[PDB]
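Next up: the same protein chain in two forms, each one alone, written as structure tokens (structure 1, then structure 2).
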Structure 1
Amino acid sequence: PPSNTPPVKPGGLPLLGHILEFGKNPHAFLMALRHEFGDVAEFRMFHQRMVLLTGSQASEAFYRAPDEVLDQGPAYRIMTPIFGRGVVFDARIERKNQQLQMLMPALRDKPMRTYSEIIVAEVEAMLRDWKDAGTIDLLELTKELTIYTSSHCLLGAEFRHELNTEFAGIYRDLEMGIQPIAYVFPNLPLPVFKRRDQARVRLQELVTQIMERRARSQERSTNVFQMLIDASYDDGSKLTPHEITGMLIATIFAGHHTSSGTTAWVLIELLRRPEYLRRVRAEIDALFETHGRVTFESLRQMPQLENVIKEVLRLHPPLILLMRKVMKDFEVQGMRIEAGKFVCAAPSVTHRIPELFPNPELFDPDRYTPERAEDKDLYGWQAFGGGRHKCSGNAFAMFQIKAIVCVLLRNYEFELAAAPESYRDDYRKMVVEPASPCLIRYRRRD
């Protein structure tokens, strides 16, 4: 007599499964799915069967699964042309995991103090252009700021200066090549696709030249690029330009809209909540009488602003569907999920479970005080996912976001240009961010 399996939601369309109801609003869909069917709930995108894993226990089984059980490969087939064949998430488990392990130390610890200064510098620089007052699209601001700081830190000064223009064009041409038909199709050829391919080729060209020029010279800059040059596999072999190029692109895509979206939300949430705006300004102003400048050591200790970021990430996790292929029958909360099926964690859903986050719809940074529960379940809060494939860039992200917010708020008053309740997540975007017309006003402080 066969074994307990997850409940399946009624079918919808025979060609399409539930994808149309899903695509309408993905957060609503997944919220409804869990509400009706619980922690482990099956639906079907097209032919494929997805099982939504929400709550502490189901989340745990997801993040703690071996790579042999849950494969993250097929999430990113859309990206494989951008990243490169046989490059991270297109490589074989062992080679993949070494490449990821090369990134980890490039994004924490030793280079973090340099990264801080670069980020602060870049924001200071952009602010000098600014009029005494005006009206900006906040999401355009944070997207610029994040790509300038990202690229300076991950790629190096060359890409901010000499290769500024060219890289800009390359990035959008790579960006544009993220079409959903690419994921759906094994397919690759189209007009926008050769533009995507030409851009990858040009970037690898530019990476190769810079390896050689840095080597011809003796400059030893601090960026992920440099550290990937200086890295090696366990057998002593080196990364190729193909591999360095893919790994750097993956890192920039990983961090760009995620950061920029989160930064935008931190400002919006503060701007519609004066009590927290006051707490954060107080902290920032205190920093400046304590350090006199934004410093790596000062960024490490900003509890009020950390806690705001954490709560913004609870209520606005920029990645809302983390997908895996099941490669081996595995069992979650006494139900069996067969190989061939897919399985996905849903931050935006699990973050809104009352038993984990009392009064889930309320914005409350004080959830994360030592008195109150933050990590106490390490698979509740999961904006950076979890387990072996937790965000590498989470420390980088936190410093970047803190740095940007300090400098902006220290120098500039802001206010929303539209009704507070009108700023909403656009759940239709591949990386969830605030809805695109997102106007804000500014005025030099004092």
Structure 2
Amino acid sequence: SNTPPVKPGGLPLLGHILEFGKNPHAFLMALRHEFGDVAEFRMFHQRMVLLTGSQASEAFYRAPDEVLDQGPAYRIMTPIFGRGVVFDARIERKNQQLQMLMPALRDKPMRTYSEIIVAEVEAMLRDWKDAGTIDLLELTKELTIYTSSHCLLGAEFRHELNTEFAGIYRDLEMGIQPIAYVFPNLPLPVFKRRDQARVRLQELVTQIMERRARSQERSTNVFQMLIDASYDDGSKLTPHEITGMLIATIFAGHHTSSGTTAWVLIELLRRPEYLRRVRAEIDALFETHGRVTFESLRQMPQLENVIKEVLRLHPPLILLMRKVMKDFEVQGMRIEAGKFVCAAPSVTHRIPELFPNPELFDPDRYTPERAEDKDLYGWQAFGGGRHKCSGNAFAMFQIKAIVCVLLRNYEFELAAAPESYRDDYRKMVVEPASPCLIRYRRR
């Protein structure tokens, strides 16, 4: 039929990659503003269709895996996780790799996690000093590594996390580059450093495994399970695969969540009217319950909603992609096989027909309004359809647990001008800007 509007101005051989890569959010916003719900642009030779608003986002999330696939779209992750891991695997092996974390997400170990997160938060706070100034993002990133390593991989893997590990995960994270969606292997300094980080991490996990074999005393874990893990065909998981799934599991638990946990604290200090309501329902469950339980955090609607609104305005994953395997239509336009197709939470969340006065921070979420369930394909920080986030329960839990432990025994103040705090829209995993300072004081 008719086909999508293609954006002009594409440089020769590079398409819009230069414009896109400077500020991906800004590019995608401008593309929707110009051409509406379905708009094509080029990343080098790759023809990309931005799908925005409810109807087009529905087509994206609801498409069968035989028409829209994640695999070719996410080659970027192959040099990070390793060959044959998640998206670089056959489906049957991918599903089995995802199924080996699912046990850590069940009701039973979740009662366990509340005490581990508090332990970890207090562990970093003991070394503090009564009043001072910290970088909120630098801390939150470090904290979510300990928090997610301990909870989902166990105390055994958490005991070895060091500075080498800290740098290794920053080098791995820096592998996520606008150019890397198209050409994930290039003779670049950012790529060599990610490759070196992975090789090094695989050497340290292999050594930790050699040791656990000699001791042979250590057992009872999710990491131990991986070490002993085989596929349903009885193939043994290698050190390479195990390393890949430890990386994937910290990307999931830590890299998604560092920014959005910083933002919750920033956004409450910016709007002290919501700080007072959140700090009320925290102290309220500090009073009624003893310490922070799991059911206590499940019944915290004020905080649940500030996180929900933080995710509408600061969705960390701003570009979800599929390769188009079979021609399909949206709003009566033929998106041809071989093209790629994109969802943009950052931009769909800012559509005024879906979120009246989009740029206003208003946590009217669990209220009669219900702007998030109004269209499961509107609000989409966690995606939608078959390949929706399968870890949202733990994600929301982890940041709740962290913030209402921080705000229960520290007073916070923005060390700079409240408007100074912005998102670095130069990254694909969007977090607050580079230097992000804050001040504290015990209660």
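Residue 1 is the first residue of structure 1, and the numbers go on in sequence order from there. Basically, rigid core = biggest C-alpha set you can superpose within 1.5 Å across the two forms.
**Student:** Once you align the rigid core, which of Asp230, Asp137, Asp285, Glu355 turns out to move its Cα at least 2 Å between the two structures?
**Tutor:** Among the listed residues, the one whose C-alpha moves by 2 Å or more is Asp230.
**Student:** Please check if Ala157 moves between the two structures, taking a CA shift of 2 Å or more relative to the superposed core as movement.
**Tutor:** The answer is no, as the C-alpha of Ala157 shifts between the two structures by less than 2 Å after core alignment.
**Student:** Look at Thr245 and decide if its Cα position differs by 2 Å or more between the two structures after superposing on the rigid core.
**Tutor:** Yes, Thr245 moves 2 Å or more.
**Student:** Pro81: after superposing the rigid core, is there a C-alpha shift of 2 Å or more between the two structures?
**Tutor:** Where the cores coincide, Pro81 still shows a C-alpha shift between the two structures that is 2 Å or more.
**Student:** If I align on the rigid core, how far apart are the two C-alpha positions of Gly169 between the two structures? Answer in Å.
**Tutor:** A shift of 6.2 Å at the C-alpha.
**Student:** Taking the rigid core as the frame, how far in Å does the Cα of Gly340 move between the two structures?
**Tutor:** With the rigid core fitted, the alpha carbon of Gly340 is displaced 0.2 Å between the two structures.
**Student:** Mind pulling the C-alpha shift for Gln218 between the two structures, with the rigid core superposed, in Å?
**Tutor:** Taking the core as reference, the C-alpha of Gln218 is shifted 10.5 Å.
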